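Asks: mind folding the following:
(one chain, ligands or ions: 1)
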Amino acid sequence: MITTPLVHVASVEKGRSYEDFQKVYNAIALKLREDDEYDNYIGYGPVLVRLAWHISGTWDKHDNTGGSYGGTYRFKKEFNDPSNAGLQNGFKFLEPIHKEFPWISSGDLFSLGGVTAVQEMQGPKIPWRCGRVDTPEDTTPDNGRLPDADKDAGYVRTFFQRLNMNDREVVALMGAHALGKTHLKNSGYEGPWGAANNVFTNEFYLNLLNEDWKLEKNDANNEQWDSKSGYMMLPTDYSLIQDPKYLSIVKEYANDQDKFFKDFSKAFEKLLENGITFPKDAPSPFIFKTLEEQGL
Ligand code: HEM
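Replies: Numbering: from 1, shown residues only. Please see the structure below:
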């Protein structure tokens, strides 16, 4: 039998519109503000961004398996992927919000969590479309589709071809490593990429270019790039300035945060929408207001 790419058609949750989704955004954003202690006062923002990326990064363009549509991270096989270690904290953050808004699909909730986190950490607006539909447990992708960190630029470039991302999209997406940190017990790496861990800036590119990096072994026997300031870079991060095509784009975003914000917004929306067919009568993407813009 011929493997044709499955078609996943978006279906708006019955009788819901912009205001219903803005209500869910606000609930996420208010909990982000109130549960501020997590991970030594970094807050949940970074882990929600990582969650939105990991539920989307399983996509394979060749057969349209994986991706954010089906919300399959809720199932044990994907929940327990070693590559997803640490994301359970993001899932538990969202669980009460799902109980307050039971009508939203899992893929819509997980992807909206990442959009809300970016915007509430003062990043760019990210347009967002609803209509992901929960699919059954047999549609869960096998473990092993997410990328390894102990690799070089050629691996990064060919990995992201599977997600239909080009060099600029890859470099823009990687700027999310301004946020949060690596945790030895989750991934075998330890340390933050920069100082402003929970504000969305172009700091990742500035640190890449301006710090003095040294390759060192960490307590898990892996090698990572460390600077005297106490920052770290993964081998795949540092590959962005070893490769001359990636380096040109790193320099662009280090010098113009506005360009970075624009390109990141487009690439992050594309990541979250890969694999989904939106009907012709589907609503336009929503742009949610921040809590600040609402006076909340
Ligand atoms: C080659 C591609 C990538 C690799 C190898 C990679 C690898 C990693 C690893 C090993 C961690 C540490 C996890 C932990 O120890 O808790 C991490 C954290 C993180 N990643 Fe990436 N990542 C990649 C791309 C991305 C993308 C495309 C995004 C989002 C657009 C992203 C967002 C994040 C965030 C926000 C964190 C911090 C999470 C936290 O503080 O809990 N990553 N990444």
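Asks: which SS state does the residue most central in space within the chain fall under?
Replies: Centroid check for the chain by C-alpha atoms, centre = their mean gives residue 53 as the closest residue, at 3.0 Å. Following DSSP: H, G, I helix; E, B strand; the rest coil, we place residue 53 in the helix state.
Asks: so it touches residue 274, yeah?
Replies: No. Applying C-beta atoms under 8 Å, one finds residue 53 not in contact with residue 274, separated by 11.5 Å. (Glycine included, C-beta is placed from N, CA and C.)
Asks: give the residues shared as contacts by those two.
Replies: By C-beta atoms under 8 Å, 6 or more residues apart in numbering, residue 53 and residue 274 have no common neighbours.
Asks: now do the residue in the chain positioned nearest to the ligand against residue 171, distance only.
Replies: Minimum separation of the chain from the ligand (C-beta to the nearest ligand atom) falls at residue 180, amounting to 2.1 Å. Counting by C-beta to C-beta, to the nearest Å, the gap from residue 180 to residue 171 is 19 Å.
Asks: can you check residue 154 too?
Replies: Taking C-beta to C-beta, one finds residue 154 at 15 Å from residue 171.
Asks: try residue 53
Replies: Counting by C-beta to C-beta, the gap from residue 53 to residue 171 is 15 Å.
Asks: and residue 285, what does it touch?
Replies: Contacts of residue 285 (C-beta under 8 Å, 6+ apart): 127, 128, 129, 269.
Asks: could you do residue 74 as well?
Replies: 106, 134.
Asks: so residue 154 and residue 171 - more neighbours on which side?
Replies: residue 171 (27 against 10; other C-beta atoms under 10 Å).
Asks: which residue is the nearest non-sequential neighbour of that one?
Replies: Distance criterion C-beta to C-beta, 6 or more residues apart in numbering; nearest residue to residue 171, sequence neighbours excluded, is residue 249 at 4.2 Å.
Asks: how many neighbours does that neighbour have?
Replies: 22.
Asks: that's a strand at it, yeah?
Replies: No. Remark: residue 249 does not belong to a strand; assigned using three-state DSSP, it is helix.
Asks: for the stretch 1-150 of the chain, which residues are neighbours of the ligand?
Replies: By C-beta under 6 Å from any ligand atom, the residues of the stretch 1-150 of the chain that approach the ligand are 46, 47, 49, 50, 53, 86, 147, 149.
Asks: which one of the residues you listed is nearest to residue 99?
Replies: residue 47 (19.5 Å; C-beta to C-beta).
Asks: looks to me like that closest one is in a strand.
Replies: No. Applying three-state DSSP, one finds residue 47 to be helix, outside a strand.
Asks: contact partners for it?
Replies: 38, 39, 86, 87, 89, 90, 93, 180.
Asks: do you know how far the residue nearest to the centre of the chain is from residue 16?
Replies: Residue 53 is 25 Å from residue 16, by C-beta to C-beta.
Asks: ok, now residue 120?
Replies: 22 Å.
Asks: check residue 138 too.
Replies: According to C-beta to C-beta, residue 138 and residue 16 sit 27 Å apart.
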